[PDB]
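A.B. asks: Provide a 3D model corresponding to the input given below.
(5 chains)
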Amino acid sequence: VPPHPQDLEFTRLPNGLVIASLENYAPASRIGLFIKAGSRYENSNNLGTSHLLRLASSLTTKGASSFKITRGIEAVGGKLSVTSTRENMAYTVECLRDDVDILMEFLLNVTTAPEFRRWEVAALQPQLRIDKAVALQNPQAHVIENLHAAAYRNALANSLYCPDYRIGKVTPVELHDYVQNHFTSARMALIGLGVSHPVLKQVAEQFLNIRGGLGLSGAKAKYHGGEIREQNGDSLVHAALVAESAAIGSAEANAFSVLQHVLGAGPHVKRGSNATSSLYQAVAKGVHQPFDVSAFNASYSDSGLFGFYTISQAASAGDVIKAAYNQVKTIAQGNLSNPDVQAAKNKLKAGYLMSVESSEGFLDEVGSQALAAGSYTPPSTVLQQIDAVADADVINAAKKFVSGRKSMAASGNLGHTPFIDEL
Amino acid sequence: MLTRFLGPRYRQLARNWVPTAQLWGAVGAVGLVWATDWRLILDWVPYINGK
Amino acid sequence: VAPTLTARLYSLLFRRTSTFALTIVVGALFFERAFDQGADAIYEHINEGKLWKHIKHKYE
Amino acid sequence: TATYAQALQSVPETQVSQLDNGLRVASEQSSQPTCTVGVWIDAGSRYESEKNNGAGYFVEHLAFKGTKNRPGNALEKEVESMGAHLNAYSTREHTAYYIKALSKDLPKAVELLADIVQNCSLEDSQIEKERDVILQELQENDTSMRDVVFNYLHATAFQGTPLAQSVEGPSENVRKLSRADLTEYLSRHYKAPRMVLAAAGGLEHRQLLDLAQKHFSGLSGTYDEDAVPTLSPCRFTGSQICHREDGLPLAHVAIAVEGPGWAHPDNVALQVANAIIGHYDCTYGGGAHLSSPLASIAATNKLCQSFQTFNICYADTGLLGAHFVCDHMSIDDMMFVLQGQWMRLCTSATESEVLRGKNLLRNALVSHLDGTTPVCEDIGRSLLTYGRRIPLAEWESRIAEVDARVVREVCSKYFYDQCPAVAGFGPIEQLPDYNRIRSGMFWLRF
Amino acid sequence: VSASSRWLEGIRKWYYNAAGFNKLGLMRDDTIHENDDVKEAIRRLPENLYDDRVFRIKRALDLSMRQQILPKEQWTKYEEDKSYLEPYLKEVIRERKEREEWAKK
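C.D. replies: Residues are numbered from 1 along each chain as shown, chains lettered A, B, ... in the order given. Okay, here it is:
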């Protein structure tokens, strides 16, 4: 018999800042500061700046040296992590509840009083190369970075990782500028787990009243299309095929989200046939041996990419891609069930609920919602939102993908990988 | 400027090495005594009274 | 009694290189003497060519 | 506001129940709309003989491929269709099958789990298809140096015992195992008093109990009796296994001494000292300023790409040590530093660092028990290994009790002048000689 | 402020001229003995200062070699003597002492 839960408390300060807190009477605390400072905010003269930034969460600040940040946090067994996406940077901090004050202070310092000292920044550049090498060892990452560079001509085309020519070249002044014009009240949200609203709001009004950056969540992503190819020899060809879909939060977005589950996303059963996956069954039929297929769905502030991702043998790329595309085509032509849209619905809804089961995920959903919608939508109403997706909306989403200008990224031995032209 | 070594931790460190430093002195004592056949000291030891 | 012997010997005196050394030095003391007794006593028993000569020539 | 202490008393007590069977049905209710339910079985590979070896691993591959009532592919279709997740794992002492599901789905979730647990339709066509699959898995497993080194470490540490064996078994067993072989393993092992039905989330323990009686009724009832062995202790050996291969570009090394095992209270202190040494990885922010001297020296002199301490618990024994990955010319240095730290902690743990280690553990524990899955897994495992469910309040109490004296006392017992089990893979020309690794397990000043 | 400050200042200006590094075109901070704190601060100097510092020292070593000195005109006037290194060194010391305080706990 657990106590009855609290309700999340939400507040929009008139300067734009958002505050959200939940008092789960947890033994630990999670504090996160979300900022619209993602990679889409870099431009052609400062690429990778937000990567180097992402990596400098512990350089010296005013009122807290590097050594202190490190030792101070480990003394209470706390954590300081920074996580990025093409739209946001999210500095999160965690510790037992008796220690939120010391961790909150450190957080404020990293985000509002960074000094970016020449010699500490110089010492840190090589970490970009290490950090990028470690990420790029998963074929997916190069692919999705190429996918985006191919799909957009703008903002969203930027990568999460520093271009190689920029490694060693980002300057402390560029770091200063990135923070000054992006880490401002109107582009920020402060999420609290295990803390109290008055403490958050007090902190916000005392330390997060900073304004002098830019305004909107956009330079505005121009969708373009076209494709990128990287010859490799990896035995497995990795490929992604996409079209412009819907902006996050819009109703069309949930149609895409459901379409994703009709077609099929991740596996639900350890080593399964993936029976309820339209794509995996459709490729199976014509392809006999190693391959994976998944619907892909990225949704951003002012755009979105939907399609599928294939991993197959160098000689089966064509067949796997072609079959996979044809199967979407089939849903676009109207051949979609009702217990199907239903199952998809149940996979989505349950998946969401499960996605915010832990703190790490709840705080991130809350944080991103605050940043994209300026509000908090409870699970019951998100479920209601998915529930309002109609069969025809899913069919229309499918229809939009088929007839829209495409974007493809592929890496591996491409000798049998189709061009777009040939899809 | 030996103040750098003055604090709680350093004090705990000194206590931790005390039994060891004591025993190392026991070794040096007996060590010299036995090696020089210390007439003064050895007379007290039963069975090592070779006079 | 037998396993616990080598065992106890390790427990109380062997781990700490301290005691390990404290014992060998202390063990060298007793040994040096007990060896010189037996050794000389052995040298005597196989001989008796000097020393009991003293009981004869002097005693004054 | 609610203190940390207070917050621990707030955690609802895990509810226990037993079926007239031996099946312990335990749960921890929360207000979540989601849950995790599952069966934790006392079946591993430490329970298998040299020719059964790979049995359990083989059963896992068949587990979700068809029951008697749910043939070939239907079970998946049901799980997938309700948006649930079906997973499974097997270590050397434990086997689990659990489902992540919407809370209302608890009924079917259980009904399904039972079906998998008792009516496994091990159809020949599949038992045969699985053998080419498991063989494949072995081939990829071979490329994971880390997985190979811990297998090696077990192989030598537990020379001649069943704990020496790997989970997946040797290739010859994978290709020769019969249905009879599997059938026998299940019957010998998957029986009531050796398995726990666990759950965590939005459910009432009554419901759980209703279901346990409903679909798990009829196992060890008319069963018990003759043919149920206990596990014999496993001799830890203290030796070395070096697989030299200059074709790989980084060396993997795994050293450990013998640990006490699950139940020993000594585990808490051991875990605190480990926390003080901690871990490292080349993507860690903050290198030179890290608290752990190992990590800091490691980061500063670029002595490795990663390291991690560990404490693997088995009944009555365990592996206590660290693993690391480094360049061919850094193995020596890395070894020297790691050992230096154990010795230091054995002889001179200061008081300040023990509070860090303690804090690290409280944060790890509480951070780990977050979300239904980890909690359900903790209920299931805990009942299999403690017979009870240890409330956070008690672990805190245990952590709290550790101070420096305890650390240097407890570390000395297991580390000081003890023979390590060493496992080396990669370009190990400079892996120190065992005699010298053994000499580094004590020091002349102390 | 008054006669008093000027007197100390002029006692200082006197020693300075007597110390005589200015005769070799050097600056106070160029003569600083290199230790750990000093090495790090030298390391933290920005490109320009570090370059100037090396040339100054080279000019001097070169003179001290042939045991000549600079024309009077080019000596480094007290006043005009830039403590370029000081702020860096102070921060390096200030950093170390923090580790040192941390090491006591």
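A.B. asks: quick one: the particular helix or strand that has residue A:237 in it to chain centroid distance?
C.D. replies: Per DSSP states H and E: residue A:237 is located in strand A:236-244. Counting by C-alpha atoms, centre = their mean, to the nearest Å, strand A:236-244 is centred 18 Å from the centre of its parent chain.
A.B. asks: ok, then the element right after that strand?
C.D. replies: Next along the chain after strand A:236-244, taking DSSP H and E as the criterion, comes helix A:251-263.
A.B. asks: Chain D contacts on chain E?
C.D. replies: Residues of chain E lying near chain D by C-beta under 8 Å from any C-beta of the partner chain: residue E:105. All C-beta spots, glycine's among them, are computed from the backbone N, C-alpha and C.
A.B. asks: picking up where we left off before, tell me which strands the strand holding residue A:237 pairs with, and in which orientation.
C.D. replies: Sheet pairing of strand A:236-244 (DSSP bridges) gives strand A:303-313 (antiparallel), strand A:406-412 (antiparallel).
A.B. asks: Helix or strand for the residue in the stretch 201-350 of chain A positioned nearest to chain D, just tell me which one.
C.D. replies: Nearest to chain D, among the residues of the stretch 201-350 of chain A, is residue A:350, at 3.2 Å (C-beta to the nearest C-beta). In the assignment (DSSP H and E), residue A:350 maps to helix A:339-355.
A.B. asks: what do you get for residue A:176?
C.D. replies: According to DSSP H and E, residue A:176 maps onto helix A:172-182.
A.B. asks: Equivalent analysis for residue E:69, please.
C.D. replies: Using DSSP H and E, residue E:69 falls outside every helix and strand.
A.B. asks: residues in contact with it?
C.D. replies: By C-beta atoms under 8 Å, 6 or more residues apart in numbering or on different chains, the contact set of residue E:69 is E:23, E:24, E:63.
A.B. asks: Looking at those, state which has the most neighbours.
C.D. replies: residue E:24 (21 neighbours; other C-beta atoms under 10 Å in any protein chain shown).
A.B. asks: check contacts around the residue in the stretch 151-300 of chain A positioned nearest to chain E.
C.D. replies: Relative to chain E, the nearest point of the stretch 151-300 of chain A is residue A:172 (11.3 Å; C-beta to the nearest C-beta). Applying C-beta under 8 Å, 6+ apart, we find residue A:172 in contact with A:116, A:117, A:118, A:121.
A.B. asks: go on, residue D:118?
C.D. replies: By C-beta under 8 Å, 6+ apart, the residues touching residue D:118 are D:190, D:219.
A.B. asks: Provide the backbone phi and psi angles at the residue of chain B found nearest chain E.
C.D. replies: Minimum separation of chain B from chain E (C-beta to the nearest C-beta) falls at residue B:7, amounting to 2.5 Å. Dihedral pair for residue B:7: phi -180, psi 180, per degrees, to the nearest 10.
A.B. asks: That one and residue E:103 touch, don't they?
C.D. replies: Yes - judged on C-beta atoms under 8 Å, residue B:7 makes contact with residue E:103 at a distance of 7.4 Å.
A.B. asks: More neighbours: which of those two?
C.D. replies: Ranked by neighbour count (other C-beta under 10 Å), residue B:7 and residue E:103 place residue B:7 first, with 17 against 14.
A.B. asks: Filter the contacts of residue A:172 down to the buried ones.
C.D. replies: Buried by 16 or more other C-beta atoms under 10 Å in any protein chain shown: A:116, A:121, out of the contacts of residue A:172.
A.B. asks: Closest one of the contacts of residue A:172 to residue A:393?
C.D. replies: Nearest to residue A:393 among the contacts of residue A:172: residue A:116, at 47.7 Å, using C-beta to C-beta.
A.B. asks: Give the buried residues for the helix holding residue A:176.
C.D. replies: Buried positions in helix A:172-182, judged by neighbour count with 16+ other C-beta under 10 Å: A:172, A:174, A:175, A:178, A:179, A:182.
A.B. asks: and chain C, which of its residues are near chain D?
C.D. replies: Proximity of chain C to chain D, by C-beta under 8 Å from any C-beta, involves residues C:15, C:16, C:17, C:18.
A.B. asks: Please name the residues that touch the residue nearest to the spatial centre of chain E.
C.D. replies: Centroid-nearest residue in chain E, with C-alpha atoms, centre = their mean: residue E:29, separated by 1.0 Å. Counting by C-beta under 8 Å, 6+ apart, residue E:29 makes contact with E:53, E:82, E:83, E:84, E:85, E:86.
A.B. asks: Mind telling me what element it is part of?
C.D. replies: Assigned by DSSP H and E, residue E:29 falls within helix E:28-31.
A.B. asks: Following that helix in sequence, what is the next regular element?
C.D. replies: Downstream of helix E:28-31, the next assigned helix or strand under DSSP H and E is helix E:36-44.
A.B. asks: That following helix - contacts with which helices or strands?
C.D. replies: Packed against helix E:36-44 by the contact rule (3 or more C-beta pairs under 8 Å, 6 or more residues apart in numbering or on different chains; DSSP states H and E) you find helix A:118-124, helix E:86-102.
A.B. asks: ok, 6 Å please
C.D. replies: helix E:86-102 (3 or more C-beta pairs under 6 Å, 6 or more residues apart in numbering or on different chains; DSSP states H and E).
A.B. asks: And the helix it packs on, how far out from the chain middle?
C.D. replies: A distance of 18 Å separates the centroid of the chain from that of helix E:86-102, by C-alpha atoms, centre = their mean.
A.B. asks: Tell me the residues on the stretch 151-300 of chain A that lie near chain D, please.
C.D. replies: Proximity of the stretch 151-300 of chain A to chain D (C-beta under 6 Å from any C-beta of the partner chain) is limited to residues A:196, A:268, A:269, A:270, A:272, A:273, A:275, A:276.
A.B. asks: which residues does the last one contact?
C.D. replies: With contact set as C-beta atoms under 6 Å, 6 or more residues apart in numbering or on different chains, residue A:276 has these partners: residue D:80.
A.B. asks: Just to be sure, it is in a helix?
C.D. replies: No - Residue A:276 is assigned coil when assessed by DSSP: H, G, I helix; E, B strand; the rest coil, not a helix.
A.B. asks: Quick check: phi and psi on it?
C.D. replies: Dihedral angles of residue A:276 (phi, psi; degrees, to the nearest 10) stand at phi -80, psi 20.
A.B. asks: State the number of residues packed around whichever residue of the stretch 101-250 of chain D sits closest to chain C.
C.D. replies: Per C-beta to the nearest C-beta, residue D:238 is where the stretch 101-250 of chain D lies closest to chain C, at 15.7 Å. Neighbours of residue D:238 under the rule other C-beta under 10 Å: 19.
A.B. asks: and it, what element?
C.D. replies: Assignment of secondary structure by DSSP H and E places residue D:238 within no helix or strand.
A.B. asks: ok, now residue A:80?
C.D. replies: Going by DSSP H and E, residue A:80 is in strand A:79-84.
A.B. asks: for residue D:197, same thing?
C.D. replies: Assigned by DSSP H and E, residue D:197 belongs to strand D:195-201.
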